[PDB]
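Asker: Take a look and give me a structure for this.
(chains A and B, ligands or ions: 3)
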Amino acid sequence: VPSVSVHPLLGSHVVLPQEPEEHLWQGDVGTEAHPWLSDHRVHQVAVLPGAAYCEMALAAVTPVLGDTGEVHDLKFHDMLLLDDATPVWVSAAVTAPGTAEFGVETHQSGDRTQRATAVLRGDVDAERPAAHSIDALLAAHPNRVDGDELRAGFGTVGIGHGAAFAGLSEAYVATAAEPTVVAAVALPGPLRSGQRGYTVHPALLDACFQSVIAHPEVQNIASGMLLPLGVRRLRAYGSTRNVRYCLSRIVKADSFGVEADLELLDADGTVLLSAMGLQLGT
Amino acid sequence: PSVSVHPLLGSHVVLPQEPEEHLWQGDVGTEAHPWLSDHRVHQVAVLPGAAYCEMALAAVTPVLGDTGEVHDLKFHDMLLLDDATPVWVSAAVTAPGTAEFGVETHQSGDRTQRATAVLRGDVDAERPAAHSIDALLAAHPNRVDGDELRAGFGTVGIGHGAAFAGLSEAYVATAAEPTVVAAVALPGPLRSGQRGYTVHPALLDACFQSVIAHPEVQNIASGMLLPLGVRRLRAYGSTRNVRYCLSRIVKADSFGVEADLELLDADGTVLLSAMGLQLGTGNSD
Ligand SMILES: [Cl-]
Ligand SMILES: [Cl-]
Ligand SMILES: [Mg+2]
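Answerer: Numbering: from 1, shown residues only, chains lettered A, B, ... in the order given. Ligands and ions are numbered 1, 2, ... in the order given. The relevant structure is shown in the block below.
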């Protein structure tokens, strides 16, 4: 019997029989298809992490535009409660050469709900940011923040990260006056076998987003439940299989939210993925 | 990870809308399916009508939840094949147990309908009774050689290569007896890649060819005779072990033929029924 390789989240792919060019994927982000998604909970119910929409957008760039390219103005709309089966429909419509409108939608018996929107770009000639020295980053951020204690803090405001989402081992900071965080993050071992096919495993990317909350300025404003709301710019430069660190920079932190820029690094300090203008809020 | 796909229907999705509608994007090109180079009209590869029959048969279970049957299949616009030939298949559920089926392609910026049918899931049809193969052969003593029949098709521009040469011989009585019995099997080399098919289109096409061996058809319908539609199609089980085809000429005139077919195993069990197969010139040009 023949078979077709599919993205683990996007699922079955087709190009609609019409002009202009429009792609459609039907996936399943339910907890039976993906048991690891039971490990990201809001008020003890499984909810799709914003990191999963990031991956869906990143994974859609090559089939739609012919290159890995990048994702612009990714926004997450109503929070998606997961069930054993949670069908999702991802769409990408080419509006002009090198650019496409991206969307993610679901159903609840009789109403279409938009879950995420973005713009896919395949003509931005981006230069990979320069590699960092992990040793030099760690020397400059001497104060350790334990991953278990950080996750315990998230639990106090109703965010529950189980084993699949426990990839942040520790975060390193200086003081609130230094805007950076250096975190040790890795995809947990049991998911490392199901990592091929992903541009970035959402469980790893979520662990990177979590590291932003370890920053002393973010801790000082004590805003409560901070969840990802969007990402201004996402770009993968290579495979994220060997990501071991995340360098984040706090761009703004106040009562309205937190904005940060993130770079996923391997053990040599090479930049494998950029997430600029991560927006966190209530 | 991966998913199993039908070899012709390809990738499958349900549209995000109501009423329920299915869409597949497949490939019926000769690079994905080299055996399709062996069905030619005027020395170019053309998708056989039997392929649309299979696409509709294969769509019933995912759309309506049972193998069911296919009604009023029609395919009047010969599809010229390339290395890659994309097809889009649609099935819109109009009522419980019924769905509007369609097949379309692209060429430049224009969309062409290749086939239409109705998928049915609520027809409680019983398998027709089995036959004694010995009794069928005793009643049709006159042999029609497969190779000679295919050479006759070549005179009117239809070229059946090795993959489409599954008809070994047909047996007939006279033009006054409306039945043909044919010895027909999927060629040996295609038996490995027959998985996922309800009926292999190269086998079903060889059955359709056997209708033309009938002396009533030979005596009056002298032009190009290509399948144009099938009124009722139903598979009763696997067709992997089909060895014979029993056909009945319902109508035959200068312009075409209407026939009823039963694909049989070597014990005479009916594995698939095709009622109201329509043969005619169509649009050869
Ligand atoms: Cl943009
Ligand atoms: Cl399929
Ligand atoms: Mg070829």
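Asker: how would you label residue A:14: helix, strand or coil?
Answerer: Using DSSP: H, G, I helix; E, B strand; the rest coil, the structure places residue A:14 in strand.
Asker: I'd say it and residue B:13 touch.
Answerer: Yes. Applying C-beta atoms under 8 Å as the test, residue A:14 and residue B:13 come out as touching, 5.3 Å apart. The way it works is simple: take the backbone N, C-alpha and C, and place the C-beta from them, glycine included.
Asker: what sits in contact with each of those two?
Answerer: Common contacts of residue A:14 and residue B:13 (C-beta atoms under 8 Å, 6 or more residues apart in numbering or on different chains): A:24-25, B:23-24.
Asker: Show the residue spans covered by the strands in the stretch 101-250 of chain A.
Answerer: Assigned by DSSP state E, counting those that start in this stretch, the stretch 101-250 of chain A shows strands spanning A:112-121, A:143-146, A:159-161, A:168-173, A:180-185, A:227-236, A:245-254.
Asker: closest to chain B out of those?
Answerer: Ranking the strands of the stretch 101-250 of chain A by proximity to chain B (C-beta to the nearest C-beta) places strand A:112-121 first, at 6.5 Å.
Asker: That closest one and chain B, are they touching?
Answerer: Yes. Legend: contact between strand A:112-121 and chain B by C-beta under 8 Å from any C-beta of the partner chain is shown at residue A:112.
Asker: which residues are in contact with that strand?
Answerer: Here strand A:112-121 has contacts from A:48, A:53, A:56-57, A:60-61, A:64-65, A:69-78, A:80, A:88, A:92, A:98-107, B:16, using C-beta under 8 Å, 6+ apart.
Asker: so what's the closest residue to chain B within the stretch 101-250 of chain A closest to, chain neighbours aside?
Answerer: Nearest residue of the stretch 101-250 of chain A to chain B (C-beta to the nearest C-beta) works out as residue A:105 at 5.8 Å. Distance criterion C-beta to C-beta, 6 or more residues apart in numbering or on different chains; nearest residue to residue A:105, sequence neighbours excluded, is residue A:89 at 5.0 Å.
Asker: Could you list the contact residues of the stretch 151-282 of chain A toward chain B?
Answerer: Residues of the stretch 151-282 of chain A lying near chain B (C-beta under 8 Å from any C-beta): A:194, A:197.
Asker: so who does the nearest residue to residue A:50 once chain neighbours are set aside touch?
Answerer: Among residues not flanking residue A:50 along the chain, residue A:228 sits closest, at 3.3 Å (C-beta to C-beta, 6+ apart). Going by C-beta under 8 Å, 6+ apart, residue A:228 touches A:49-51, A:76, A:209, A:278-280.
Asker: Give me the three-state assignment for the closest residue to residue A:37 other than its chain neighbours.
Answerer: Spatially, and ignoring its direct neighbours in sequence, residue A:37 is nearest to residue A:31 (5.4 Å; C-beta to C-beta, 6+ apart). Under three-state DSSP, the three-state class of residue A:31 is coil.
Asker: phi, psi of residue A:31?
Answerer: Dihedral pair for residue A:31: phi -70, psi -20, per degrees, to the nearest 10.
Asker: Just give me the neighbour total for it.
Answerer: 17 (other C-beta atoms under 10 Å in any protein chain shown).
Asker: Check the one 4 residues further on too.
Answerer: Burial measure for residue A:35: 11 neighbouring residues, criterion other C-beta under 10 Å.
Asker: burial of the residue of the stretch 101-250 of chain A found nearest ligand 1, as a residue count?
Answerer: Of all residues in the stretch 101-250 of chain A, residue A:119 sits closest to ligand 1, at 4.2 Å by C-beta to the ion. Other residues lying near residue A:119 total 16 when counted by other C-beta under 10 Å.
Asker: Please tell me how far residue A:93 sits from ligand 1.
Answerer: 14 Å (C-beta to the ion, to the nearest Å).
Asker: Next: residue A:265.
Answerer: Distance from residue A:265 to ligand 1, by C-beta to the ion: 26 Å.
Asker: That residue - nearest residue in space that isn't next to it in sequence?
Answerer: residue A:245 (4.3 Å).
Asker: who's the one you found bridged to?
Answerer: residue A:184, residue A:265 (DSSP bridges).
Asker: That one - how many residues pack around it?
Answerer: 24.
Asker: Let me see the contact set for it.
Answerer: A:134, A:137, A:182-185, A:264-267, A:269.
Asker: can you give me how far the longest helix seen in chain A is from the chain middle?
Answerer: Using DSSP state H, we find that the single longest helix of chain A is helix A:50-65. Here helix A:50-65 shows a centroid-to-chain-centroid distance of 10 Å under the convention C-alpha atoms, centre = their mean, to the nearest Å.
Asker: and the next element down the chain from that helix?
Answerer: Following helix A:50-65 in sequence order, the next helix or strand is strand A:70-76 (DSSP states H and E).
Asker: who touches the very next helix or strand once past that following strand?
Answerer: Per DSSP H and E, the first helix or strand lying C-terminal to strand A:70-76 is strand A:87-96. For strand A:87-96, the surrounding residues in contact (C-beta under 8 Å, 6+ apart) are A:9-11, A:20-30, A:56, A:60, A:64-65, A:100-107, A:115, A:120, B:14, B:16.
Asker: Mind listing the strands strand A:87-96 pairs with, and their directions?
Answerer: strand A:22-28 (antiparallel), strand A:99-107 (antiparallel).
Asker: Which residues does the first one contact?
Answerer: It stands for strand A:22-28. With C-beta under 8 Å, 6+ apart, strand A:22-28 has contacts from A:7, A:9-16, A:34, A:56, A:60, A:63-64, A:85-94, B:13-15, B:23.
Asker: what angle do it and helix A:50-65 make?
Answerer: With axes from the mean of the first three to the mean of the last three C-alpha atoms, to 10 degrees as the basis, strand A:22-28 and helix A:50-65 are set at 140 degrees to each other.
Asker: Residue A:26 - nearest residue in space that isn't next to it in sequence?
Answerer: Residue A:26 sits nearest to residue B:13 (C-beta to C-beta, 6+ apart), 4.1 Å away.
Asker: my guess is residue A:242 contacts residue A:265, does it?
Answerer: No. The pair residue A:242 / residue A:265 is not scored as a contact, 9.2 Å apart, by C-beta under 8 Å.
Asker: Give me the neighbour count for residue A:175.
Answerer: With other C-beta under 10 Å as criterion, residue A:175 counts 8.
Asker: Tell me the backbone dihedrals of it, please.
Answerer: Torsion angles, degrees, to the nearest 10, at residue A:175: phi -120, psi 180.
Asker: Pretty sure it sits against residue A:216.
Answerer: Yes. Under the criterion of C-beta under 8 Å, residue A:175 makes contact with residue A:216 at 5.9 Å.
Asker: picking up where we left off before, what is the most widely separated pair among the shared contacts of residue A:14 and residue B:13?
Answerer: A:25 and B:24 (13.7 Å; C-beta to C-beta).
Asker: ok so, going back, pull out the buried members of the contacts of strand A:22-28.
Answerer: Buried members of the contacts of strand A:22-28, counted by 16 or more other C-beta atoms under 10 Å in any protein chain shown: A:7, A:9-16, A:34, A:56, A:60, A:64, A:86-94, B:13-15, B:23.
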